[PDB]
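The residues making up each chain are set out below.
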Amino acid sequence: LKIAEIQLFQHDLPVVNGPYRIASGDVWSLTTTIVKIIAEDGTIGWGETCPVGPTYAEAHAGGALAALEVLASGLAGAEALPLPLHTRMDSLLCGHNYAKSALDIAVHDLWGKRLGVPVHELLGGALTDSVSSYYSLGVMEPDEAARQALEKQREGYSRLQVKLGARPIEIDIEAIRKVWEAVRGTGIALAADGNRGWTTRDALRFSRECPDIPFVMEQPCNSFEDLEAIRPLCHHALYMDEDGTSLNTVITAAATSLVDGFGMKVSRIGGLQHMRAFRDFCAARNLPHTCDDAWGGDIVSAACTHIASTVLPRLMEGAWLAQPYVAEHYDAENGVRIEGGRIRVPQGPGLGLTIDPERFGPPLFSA
Amino acid sequence: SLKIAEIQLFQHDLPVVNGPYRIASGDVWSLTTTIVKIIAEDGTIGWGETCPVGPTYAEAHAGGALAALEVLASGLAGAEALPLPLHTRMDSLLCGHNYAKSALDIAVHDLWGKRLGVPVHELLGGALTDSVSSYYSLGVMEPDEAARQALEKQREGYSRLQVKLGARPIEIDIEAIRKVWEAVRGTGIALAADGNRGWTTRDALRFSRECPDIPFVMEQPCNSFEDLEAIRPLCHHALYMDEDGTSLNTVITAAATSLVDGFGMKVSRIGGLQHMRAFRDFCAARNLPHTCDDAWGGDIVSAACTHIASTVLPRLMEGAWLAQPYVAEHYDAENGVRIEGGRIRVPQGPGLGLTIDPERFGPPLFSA
Amino acid sequence: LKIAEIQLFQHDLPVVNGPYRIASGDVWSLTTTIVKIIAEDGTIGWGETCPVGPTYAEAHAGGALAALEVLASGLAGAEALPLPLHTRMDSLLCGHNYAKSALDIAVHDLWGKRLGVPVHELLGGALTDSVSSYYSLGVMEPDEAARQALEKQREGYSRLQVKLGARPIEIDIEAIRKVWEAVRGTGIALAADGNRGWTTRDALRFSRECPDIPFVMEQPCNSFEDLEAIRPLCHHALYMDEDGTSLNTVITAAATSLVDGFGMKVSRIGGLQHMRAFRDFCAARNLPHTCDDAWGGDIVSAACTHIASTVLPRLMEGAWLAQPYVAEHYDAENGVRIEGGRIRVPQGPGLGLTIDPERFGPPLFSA
Amino acid sequence: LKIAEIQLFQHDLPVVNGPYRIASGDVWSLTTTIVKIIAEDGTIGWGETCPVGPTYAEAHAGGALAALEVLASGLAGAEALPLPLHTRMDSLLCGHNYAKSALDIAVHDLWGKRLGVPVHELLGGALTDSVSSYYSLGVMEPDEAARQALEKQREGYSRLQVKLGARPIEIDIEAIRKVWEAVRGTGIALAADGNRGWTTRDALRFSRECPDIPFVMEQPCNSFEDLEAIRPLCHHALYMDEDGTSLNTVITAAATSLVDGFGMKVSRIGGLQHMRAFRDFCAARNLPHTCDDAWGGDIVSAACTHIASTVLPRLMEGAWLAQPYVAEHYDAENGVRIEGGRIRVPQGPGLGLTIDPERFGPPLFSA
Amino acid sequence: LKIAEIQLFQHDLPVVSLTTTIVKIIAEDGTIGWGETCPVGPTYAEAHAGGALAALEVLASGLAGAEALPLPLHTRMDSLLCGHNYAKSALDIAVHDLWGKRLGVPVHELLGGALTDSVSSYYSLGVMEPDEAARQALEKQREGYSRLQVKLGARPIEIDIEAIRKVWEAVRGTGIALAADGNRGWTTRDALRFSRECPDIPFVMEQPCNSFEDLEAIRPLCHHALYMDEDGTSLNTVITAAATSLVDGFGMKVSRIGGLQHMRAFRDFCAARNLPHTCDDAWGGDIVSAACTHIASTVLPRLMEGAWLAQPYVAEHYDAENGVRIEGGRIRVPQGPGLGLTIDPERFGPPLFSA
Ligand SMILES: C[N+]1(C)C[C@H](O)C[C@H]1C(=O)[O-]
Ligand SMILES: C[N+]1(C)C[C@H](O)C[C@H]1C(=O)[O-]
Ligand SMILES: C[N+]1(C)C[C@H](O)C[C@H]1C(=O)[O-]
Ligand SMILES: C[N+]1(C)C[C@H](O)C[C@H]1C(=O)[O-]
Ligand SMILES: C[N+]1(C)C[C@H](O)C[C@H]1C(=O)[O-]
Ligand SMILES: [Mg+2]
Ligand SMILES: [Mg+2]
Ligand SMILES: [Mg+2]
Ligand SMILES: [Mg+2]
Ligand SMILES: [Mg+2]
Ligand code: NI
Ligand code: NI
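Residues numbered from 1 in each chain as written, not as in the entry; some residues may be left out. Chains lettered and ligands numbered in written order. Part of a larger assembly, values for the part shown. Heavy atoms only, no water.

Let us now look at the UniProt feature "binding site: substrate" in chain B. All names here are of chain B. This chain's UniProt record puts "binding site: substrate" on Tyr57, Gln162 and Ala295. Within the element layout of this structure, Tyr57 appears in the loop between β3 (45-50) and α1 (62-74). By relative accessible area, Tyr57 is classed as buried at 10%. With respect to the secondary-structure elements, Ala295 resides in the loop between β11 (290-291) and α12 (299-309). Here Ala295 is in contact with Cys51, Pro52, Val53, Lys266, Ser268 and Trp321, once residues within four sequence places are set aside. (UniProt positions renumbered as here; feature names shortened; annotations may be inferred. Helix = DSSP H or I, 4+ residues; strand = E, 2+ residues; numbered from the N terminus. Buried < 20%, exposed > 50% of the residue type's maximum accessible area, 1.4 Å probe, protein only. Contact = heavy atoms within 4.5 Å.)

This is the structure we're talking about:
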């Protein structure tokens, strides 16, 4: 089955209860980029990519659109299968995983609709009908973080990510301690996310002062080299997030045993094809990981949920979704949502979405 | 959610045409293959196969295949016929025994493709090519004769030659590789020197040191992972792992430490197509060439290897070796894959692309 | 003296007060595989191998029988001595140490009977007339683990292994702490056996939270690579168990100083010939080790007791026997047993057992 | 002096007598992206960035424009100095060095015009009035490469880069051998550029077969990890080019002594501010390097020539310019050009260019 | 069976003399076992005849009542004296002799079972003029030796290189294995040169330099195999060397490693790691040579680089009938009980020392 046409759209998503505060930069609203692939038989597949602001990673909305124009321009006539798609995409544009991801998601949607099976089947088969999620607390005053921590634990979340940084480390330590005192005993898993915001000096301190607090340190420092620096000097587990920019890079990290796990985003790694290989890699190495993306609506969230359902539950640290912060569903009936801290896995063909072909207005670009 | 309703096991002898096939770790005259038939609840069937290359090549043998498949089969009825649910269930029934698990994995991919009406290569992500390269394996033999066969095989169209060495003085192995190279230099054919675990580090160092002018890769020259690590910083020839690549975990250790420049990879050793496709993706990310082989087998094994090989970037695919030229019979005489002009046409039918008579292998040895 | 005939049998050993709980898979009852070697003069030697279920290690009862069939089929005519035996066995079948072990044990039994000396003499000579043992606590409720631990210390065991895993690490930590509370001050040695069940994340936490508890961490993680990962980050001693699958691998581990000691099983290493080499390696390196096997009756237990008797007591962490969990003795008079937490070493020829040749019924296979 | 306005333009540059063949992908024509910064007093500075096709690196013309739109939109009121500029740019957009480079170049042009001094003075002071260059031979038949090598050597180039790859390694070896047979005896420097195109297998072979040929191996393989893999196994010097994506990564490479030198592009490292730091790092480490960019007209070429003039000549491997492949000059009088294999350094204020404010037509974007 | 008495003797072994030290262990039933240790003079290793005797007096004085088995023996010996492996080796050999005699089986059976009835040997060429070495090399190849060790050093590296090239030219085509033994005599500077100039000559470099550290220095810079000899002073050190893959093989001496009990462990270690090794000792008569031959017979022949014996340089036998000897470059393995020797209890005269 061949790609006949590709259409590109953008749409705004304002942060409900915003802003969402991250040490690398806060977000109040997001411009998502939507891909529709149309097959020669008229069937469609949807894809999406939505950077969380322009400073979180090497990605932005205008960049997604520009890269997708290049990719779309060379894709008519290509087979709508993941390996042929990626081979063609790599021949048109180097890098830009986050743009490539949107086309990859759309191909998986189209493929599943063609064969009449859910994307999770195409990814090897779901191991579960519902997946755990985790809640991310933005950088905030310690007492409020403690208050929300308990609130989200009572709502059913199995894991809590505490965002830190962009302020003195004293306050970050105060925050993690207060959150811990609020939720200790509940068995909820704890991640301290520095979002590249800490010098090695302060990362060493954070771990050294808190041996009694069972957080994992998620991307505390700004580079792969700084993770290597602190690894032999921190007795807490270390997780890579922002630095995991390719399958190659994660292979370097986990075979050198630099980290004990990953925050992983579908768009950063280049789509479900590479996310599936990443999952298989982590399973082989017994390394827990999340199944996230940067931001987005129903399309992104469906993609993450489908991949998350194929991960051994003990290794799946949770699928984080932007859903609670997004005031819209592209598909009000079937769009995934967090319920009791968990997410029900879609069972329809493809991503499990029915979205009107003209939902996102006239195309910004067609090829 | 199509479930497995019944599993049947069989064994069948495959005598080596023009045998024996000579390896440093153990010669082979005839091989016992183990066949799995998975019957789904709608009566659709999937075939799988595993056939160790004698009992001394690797930690695997025909009797062991059957015994492990009995344990796996006994706990598999009612399982979903999808790769991840299958492997999760299999791992809950029996630790290790990748070569046995591989047969069930292949059968599940066959059944899955038939249910969906698509070839196994589609299920593995999509073929990049309609035909794949192969390589010829010259057994350990007299040097001038190795050279004569090497040229014959090059002229048949093989893109790559594997020269089997070992179980004799290193002097002779060096003589062989030089005679072979003299015969084919200038044809551009790729060259692998396979020590088949047979060299001490002493002799491996010598083999590389004496032949900088011969562009072989050294395939599994020594007996262990540690010995590969020993010679790696002291050999200026590329090094490939084969026998030591016993799990996804192990190959990840090897390639991210850059111990090797490539792999001979066998579907059964890695535990089936599910793991082989992850391995493929790992090699693609690392730009590491690899083969797509298995130990031995008939049409079922050979189809499995051809399907995965079709999904590899041709510049990284060192060839799919098949036992086909050494196997007198085809299970499916019409659709069974075969080597023609040193290459292999990729099957396009649903599943593995085979139709095998349900009673081809006689009554089941075991059913569960 | 040459081997004239080999006979194979299987026998079921139901777990007394079962099941025995392991993170890698629990056990309710076990099929043991018995080897009888008949020499050309009619003298017999017995051997045995019994995996602890099919998921603990790469070994199962059906695999033992299948491998022993191949080995037995090429063994008539071989000298009944350890090196000629292993040389012939390696020419017939690659690997399968647990099967090869049964034939090795039988050869040592036969050899000792021919020469009129105990197996411990053939292994270099016993250093003691009784050996220490250790008790293995299955995964259980922390308070009950603590109660059983004190009870076993009071029986006279010099060491306790606490099995952990297949549940949240919080509970494993609660268990080790409560066990320690119960037995501290008695000087009983403590092992915390993760049985390959912990991610590196959780292994780091287990050590980090408990510097005050003198456990060794026995095989906390699933691979050699994960042991390498946590080694520079845990201040507790690390022991290898399941990963010690050959003399080659042990040499890698202990000369890189990856571990401070070993759980070692006779079947995993391939028999008494390799176990005595292993013992000599540990003595040269001052590394303590156990002298165990997976499971089995009188034959396995005799083998473990004989090798254990030749180890310097300060390095011998104990010989664990399945005996207390096995209802029946093959030789009720001479079969070894744990008394006051210790085991009296047999002094008769060979393994020190006399088993009726028809004890296990007719042979399943003869060659 | 503050920035009052930023204008963005694009312009076509067809490869004179192309294509220019690279393993990572050939080029027939390039779209350049031009920046004009206007200060509050009306003085202007010009900048430029022109990726060499979309597959050479993680950069493309559409991406340059999209990123520059984001950057320009937040730069009004910023001080026209390198550190204030980069600090502001980094607060607006993560990464995208190739886009940031264009604004950096425009800032240096403006700054030099305000102070009445050449950019090379602002960079610390030129050490020479003319700089060496090197000629890059595209991938071509070995016989043709050898003849072109001979012609360029006789023309006066001090160094030749031979582009290789995207074909059997046998042909690359034939090519470097013939080039060597042509230029041995002339003293010209030789670089063999694999352009990320070789597996480690083939890179090992290329070096092993040619110890008598004094090439440096420039970026033979596809990743930093692959350079690390071959480094202890190749007796030829190794240079990094494509992998040198930030000052951070260069520091990792040269302090671990992974490489003996660099091909460095101004746009990849993020502009003249970072190129100057890179220059100082190479001087401290005694590591030779080029002063190139990916492609471009007079603006890019001026920037490269200015930085190149400040490098110790013995460490300056040459400033490669796209000029011979570019039909037009933005400033026909003052635009730099290669003559006798060398480049005369401009001496006017700023970059030393006068370009009509309307040369590129109406702005595509203004902020 | 307990040790009742231990007697020590010294004897001047005439050459074709060196002071050998003989141990007789007498069991309580009157059964005797013979052991021996004989350093090659005082400068080759940290060992000498006077030291052997002094250490053996200490060991003998605390051994009455000990069990005549290898592990009880070594446990008691280590409790009486630290190190002195070469002295301990003599008692270890005597214990194995006595044990085999008691059970009526050869030492090779007690060591796990012989894999062959005859073992390969190798010839050691002393440091000599290059043309002479080449002439003798061919001579010894034609006698049937499967391996040739060329001793080098104590002179300019230029001449060592000339010597190895001339030897190789003389014997290439015969398949004889070649070892270049630097005898700790080369600086790393010269060891690097020796390998670098000779990639075409298939020697292994046996102990080229003076320390373990120097072997570590040259290992990543030499494309020739490296063997350890003199530095292999304990099982512990061997484990360090071979698991770090510092070397590709060993020259190993029974006395240096502390006797047959430790040599057997070393053999098993090399078999696990696929590392070839010799089975030698420093010097000695029939007792030392029997011990080496028994352990050598239990090694996989492909891994056994040869048992070197002092026998052709020793002008007498303790047991002329059963003493091992090299014939056609190989050694027939003894088959009688113990070491396979019958030596008169009064052969060496009255004890120098008894305990
Ligand atoms: C919590 N996230 C998954 C959502 C944001 O995009 C930030 C990210 C993270 O873990 O850093
Ligand atoms: C050539 N093979 C694929 C066939 C045998 O199974 C041996 C194997 C190899 O590469 O060694
Ligand atoms: C305690 N054991 C010896 C008995 C089982 O076989 C498990 C084993 C262990 O230490 O893991
Ligand atoms: C020679 N260059 C500077 C021109 C192209 O942009 C490629 C580059 C290189 O060195 O690879
Ligand atoms: C050849 N040896 C065994 C005898 C001498 O004692 C020297 C020694 C060696 O290999 O160095
Ligand atoms: Mg994060
Ligand atoms: Mg192979
Ligand atoms: Mg254990
Ligand atoms: Mg370059
Ligand atoms: Mg020596
Ligand atoms: Ni510490
Ligand atoms: Ni070299």
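Alright, that's what it looks like, and here's the rest.
Let's shift gears to the domain arrangement of chain B. Residues and elements named next belong to chain B. The assigned domain composition of chain B is domain 1 (1-117 + 352-365) and domain 2 (118-351). Interface of domain 1 and domain 2: buried area, both sides summed, is about 3800 Å²; carbon and sulfur atoms make up 63% of it. In terms of surface lost to domain 2, no three residues of domain 1 exceed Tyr21, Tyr57 and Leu352, which account for 18% of the buried area on that side. For the interface between domain 1 and domain 2, the tally reads one salt bridge. Ionic pairing is found between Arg360 and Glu329, a salt bridge with its closest N-O pair at 3.0 Å. Here domain 1 and domain 2 share 24 residue pairs in polar contact between them. For the side of domain 1 that touches domain 2, the class distribution of residues is 24 nonpolar, 14 polar and eight charged. (Domains from an automatic or database assignment. Buried area = accessible area lost by both parts, 1.4 Å probe. Salt bridge = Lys/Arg side-chain N within 4 Å of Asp/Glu carboxyl O. Polar contact = N/O pair within 3.5 Å; in protein donor to acceptor, adjacent residues only side chain to side chain. Nonpolar A, V, L, I, M, F, W, Y, C, P; charged D, E, K, R; others polar.)

So, on to the site of ligand 4. Residues and elements named next belong to chain D. In the region of ligand 4, 16 residues are neighbours, and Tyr56, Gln161, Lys163, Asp193 and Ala294 sit closest. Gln161 has a polar side-chain atom sitting 2.9 Å from an oxygen atom of ligand 4. In this structure, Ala294 approaches ligand 4 through a main-chain N or O atom, which is 2.6 Å from an oxygen atom. Protein chains shield 100% of the accessible area of ligand 4, which is 300 Å² for the free molecule. (Near = heavy atom within 4 Å. Areas by Shrake-Rupley, 256 points an atom, 1.4 Å probe, with all protein chains shown as cover.)

Before going further, it helps to examine the nonpolar core. Residues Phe206, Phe262 and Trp295 of chain A together with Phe207, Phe263 and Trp296 of chain B are the most contacted members of the largest nonpolar core, which totals 215 residues. Core analysis: the second largest hydrophobic core is formed by 205 residues, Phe9 and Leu204 of chain C together with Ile176 and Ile239 of chain E among them. (Core = buried A, V, L, I, M, F, W, Y, C linked by side-chain atoms within 4.5 Å.)

Another aspect to go through is the site of ligand 5. Residue and element names in this part refer to chain E. Surveying the vicinity of ligand 5 reveals 13 residues, the closest of which are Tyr44, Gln149, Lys151, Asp229 and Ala282. In the model, an oxygen atom of ligand 5 is placed 3.1 Å from a nitrogen or oxygen of the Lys151 side chain. For ligand 5, an oxygen atom lies 3.2 Å from a polar atom in the side chain of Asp181. Considering ligand 5 on its own, with 300 Å² of exposed area, one finds that the protein chains cover 94% of that surface. Taken together, the residues of the shell around ligand 5 break down into five nonpolar, two polar and six charged.

Moving on to the UniProt feature "binding site: Mg(2+)" in chain A. Residue and element names in this part refer to chain A. Residues annotated by UniProt as "binding site: Mg(2+)" correspond here to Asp193, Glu218 and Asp241. In summary, the annotated positions, though distributed over 49 residues, converge in three dimensions, the widest C-alpha pair being only 9.1 Å. Locating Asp193 in the fold gives a position in strand β7 (residues 189-193). Those residues within four positions of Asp193 in sequence are excluded, and the remaining contacts are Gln161, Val162, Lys163, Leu164, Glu218, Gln219 and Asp241. Engagement of the side chain of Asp193 in a polar contact is seen with the side chain of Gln161, the distance being 3.0 Å. Here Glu218 shows up in strand β8 (residues 215-218). Those residues within four positions of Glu218 in sequence are excluded, and the remaining contacts are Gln161, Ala191, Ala192, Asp193, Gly194, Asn195, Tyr239 and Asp241. Side-chain polar atoms of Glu218 contact the side chain of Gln161, separated by 2.8 Å.

What follows deals with the pattern of salt bridges. Inspection of every chain in the model, using the stated rule, returns 110 salt bridges over all chains. Across the pair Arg201 of chain A and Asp202 of chain A runs a salt bridge whose closest N-O atoms are separated by 2.8 Å. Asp202 of chain A gets classed as buried once you look at its relative accessible area, which sits at 14%. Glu155 of chain C serves as the salt-bridge partner of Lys152 of chain C, at 2.6 Å between the closest nitrogen and oxygen. Of this pair, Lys152 of chain C and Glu155 of chain C both sit in helix α5 (residues 142-155), three residues apart, roughly one helical turn. Of the residues examined, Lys152 of chain C reaches a relative accessible area of 13% and is grouped as buried. When salt bridges that share partners are traced, they join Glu144, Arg147, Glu151, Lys152 and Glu155 of chain A into one network.

With that settled, consider the coordination of the nickel ion (ligand 12). Coordination sphere of the nickel ion (ligand 12), protein contribution only: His236 of chain B (NE2), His235 of chain D (NE2) and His223 of chain E (NE2), at 2.1 Å. Highlighted residues: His235 of chain D in the loop between α8 (224-230) and β9 (238-240) and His223 of chain E in the loop between α8 (212-218) and β9 (226-228), drawn from two different chains. (Donors = N, O, S within 2.8 Å, 3.2 Å for Na, K, Ca; no water.)

Attention shifts here to the UniProt feature "active site" in chain A. Residues and elements named next belong to chain A. Under the feature "active site", the UniProt entry names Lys163 and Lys265. With respect to the helices and strands, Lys163 occurs in strand β6 (residues 159-163). A distance of 3.0 Å separates a polar atom in the side chain of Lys163 from a polar atom in the side chain of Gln161. On the secondary structure map, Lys265 appears in the loop between β10 (261-262) and α10 (266-269). Classification of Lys265 as buried rests on a relative accessible area of 9%. Here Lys265 is in contact with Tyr56, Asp241, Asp292, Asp293 and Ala294, once residues within four sequence places are set aside. At 3.1 Å, the side chain of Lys265 forms a polar contact with the side chain of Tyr56.

Here we take up the environment of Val120 of chain B. Residue and element names in this part refer to chain B. Looking at the element boundaries, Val120 is found in helix α4 (residues 120-123). For the pair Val120 and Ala303, spaced 183 residues apart in sequence, the C-alpha to C-alpha distance is 9.1 Å. Beyond its immediate chain neighbours, meaning those up to four positions away, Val120 contacts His109, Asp110, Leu273, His307, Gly351 and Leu352.

All names here are of chain D. Read across the sheet, three strands follow the order β4-β14-β13 without closing on themselves; strand pairing throughout is antiparallel. Both outer strands of the open sheet, β4 (130-132) and β13 (338-339), are each paired with one neighbouring strand and no more. Note that β4 and strand β14 (residues 342-344) share three bridges and pair antiparallel. Its bridge partner being in β14, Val131 is matched across the sheet by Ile343. (Pairing = 2+ DSSP bridges.)

Facing 32 residues of chain C, the contacting portion of chain E comprises 30 residues. Of the roughly 2500 Å² buried at the junction of chain C and chain E (both faces included), carbon and sulfur atoms supply 64%. It is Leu83, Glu121 and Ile251 of chain C in chain C that bury the most area against chain E; as a group they hold 20% of the surface buried on that side. Where chain C packs against chain E, one counts twelve residue pairs in polar contact.

For the rest of this paragraph, the subject is the packing of aromatic side chains. Enumeration according to the criterion identifies 70 aromatic pairs over all chains in this entry. Where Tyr20 of chain D meets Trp295 of chain D, the ring centres are 5.8 Å apart and the plane angle is 50°; that geometry is what we call tilted. Of this pair, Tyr20 of chain D sits in the loop between β1 (3-14) and β2 (29-39) while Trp295 of chain D sits in the loop between β11 (289-290) and α12 (298-308), and the two are 275 residues apart along the sequence. Take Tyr20 of chain D: its relative accessible area is 7%, and that puts it in the buried class. Judged by centre distance (5.1 Å) and plane angle (85°), the ring pair of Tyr318 of chain E and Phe348 of chain E falls under edge-to-face. (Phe/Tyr/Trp six-rings, centres within 6.5 Å; stacked < 30°, edge-to-face > 60°.)

Residue and element names in this part refer to chain B. For the magnesium ion (ligand 7), every protein donor is listed as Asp194 (OD), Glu219 (OE) and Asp242 (OD), and the spread of their distances is 2.0 to 2.2 Å. The sequence pattern formed by the donor residues of the magnesium ion (ligand 7) is D-x24-E-x22-D. With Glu219 in strand β8 (residues 216-219) and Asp242 in the loop between β9 (239-241) and α9 (248-256), this residue pair connects regions lying 23 residues apart in the sequence. When sorted by exposure, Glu219 lands in the same class as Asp242, which is buried.

Right, let's talk about the state of the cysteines for a bit. In the structure shown here, the tally under the stated rule is zero disulfides over all chains. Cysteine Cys304 of chain D is unpaired, with the sulfur of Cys291 of chain D as its nearest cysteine sulfur at 7.4 Å. Here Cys198 of chain E stays unpaired: no disulfide links it, and the sulfur of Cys222 of chain E, its closest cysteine neighbor, is 11 Å away. (Disulfide = S-S within 2.5 Å.)

Residues and elements named next belong to chain D. Within the secondary structure, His86 sits in helix α2 (residues 82-92). Residue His86 is classed as buried on the basis of its relative accessible area of 4%. Not counting residues within four places of it along the chain, the set of residues in contact with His86 comprises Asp104, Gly270, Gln273 and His274.

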